[PDB]
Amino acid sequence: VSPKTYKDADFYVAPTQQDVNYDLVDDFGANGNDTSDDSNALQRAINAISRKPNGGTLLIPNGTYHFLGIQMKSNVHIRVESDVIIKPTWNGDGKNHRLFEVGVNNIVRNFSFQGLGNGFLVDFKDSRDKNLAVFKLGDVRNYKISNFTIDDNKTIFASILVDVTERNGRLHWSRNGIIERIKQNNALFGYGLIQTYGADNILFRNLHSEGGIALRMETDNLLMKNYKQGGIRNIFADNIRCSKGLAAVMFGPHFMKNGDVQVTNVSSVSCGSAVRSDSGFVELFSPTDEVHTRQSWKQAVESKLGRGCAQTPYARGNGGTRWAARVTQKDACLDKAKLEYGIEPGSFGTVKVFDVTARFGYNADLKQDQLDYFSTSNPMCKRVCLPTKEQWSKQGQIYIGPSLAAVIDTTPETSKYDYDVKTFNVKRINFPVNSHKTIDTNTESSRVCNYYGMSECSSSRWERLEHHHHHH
């Protein structure tokens, strides 16, 4: 079997007309030389540009800029010179920030943002703000974002949120685009370069995440739960790479029913696996006017579903009055929950991954529920470490240690909502004897690691100091 082919114009069509072309410093008064905020300048430039029926280009010239919460607009095409450094402007209000928002609070049509030459840098290393994404996308169509390195500091926040937004009683999200030639350094395990929530006809290409997951197809979030709208469809990716992370490519549908995805050329070095699949699952949320306790919400649920059909309900945020519970993964329970609440576990349609190469290493991101898969090849749990509380205060959520497999697949969960990640020409390099090529639901495991008394990771290892950057 052969992969499906395509051309860049299938996703993104560049402008044929242009009314204006400006320079961020010369025309708008950005200062590339001090540490002042350049947000106003950038936005004034963007605004002036979208004013014109055919828009135009704005050049961001060499220098160091500070931007935050900028609002993109239709028919603006930003070009960024290769010695630019972009930094998040400081904001101490403790909320979730992004450098750039595309179709989040408006509607955006023909838009691009491109590094020239060898690419530029977004730098988070000196930021005091932990809550940062580079781009958040909503209602945007026909776009290209392209060319740069993100120097992260394990912030909370996939860097690029291919996300939904809410306008006039429905959800909206991005249709045709390309996101390509981006490297991320020093990402947090539970995050990475791309996270997708709602997406039609998007090409993801030449993307690399150091840590976490490069292409996270984990389709979750409030608005989609509530509106029963969103998810991803007809996604193409090529050249997805992981280093010192969980996975290059990950499928995790949650509650959303997703479309088709095709991936070619997946590589990883020193990651959990090159490809990862999770089963879908259902959470039932208690009503927002009823006052509930954990035990009362479990009871409402076991009442309609059965003894044993609810998992341990957790708290909705702070408050303590609103509750959510996972339906147990048993066809029976899942069946009644379908009949009774009209909702089921999520899945993906046709999924094909071509050319997967996983190179063994010693510094993968590892989840605690994966450690027992070392039983066959690493029966003394060598080279696995626990991060200190200063490094990560919820000890046991993340470990650093040897690669486990080419492909991890937890999808066999359930009967009716199972989905099929087809993989082709899968290779491993330098895995030890008795190790796993695929890990699934049936794979034999057995505790060999000290979960909470094993030795702790050096600062050097946690902070990836051995990696001297050369994007310079």
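From 1 onward, residues are counted along the sequence shown.
- The PDB entry records a higher mean C-alpha B factor for 330-338 than for its counterpart among 330-338 and 248-256.
- Across the two stretches, 160-168 and 125-133, the PDB entry reports the greater mean Cα temperature factor for 160-168.
- In the PDB entry, the Cα temperature factor peaks, among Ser39, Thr35, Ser403, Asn425, at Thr35.
- The residue among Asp372, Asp220, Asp83, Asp152 whose C-alpha carries the highest B-factor in the deposited model is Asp220.
- The entry lists a Cα temperature factor for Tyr451 that places it in the lowest third of the chain's modelled residues.
- Placement of the Cα temperature factor of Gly190 within the chain: lowest third of the modelled residues, per the deposited record.
- Among all modelled residues in this chain, the alpha-carbon of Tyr314 has a temperature factor (C-alpha) in the highest third.
- Annotation for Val76: CA B-factor lies in the middle third of the chain's modelled residues.
- Annotation for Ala48: C-alpha temperature factor in the highest third relative to the rest of the modelled chain, per the entry.
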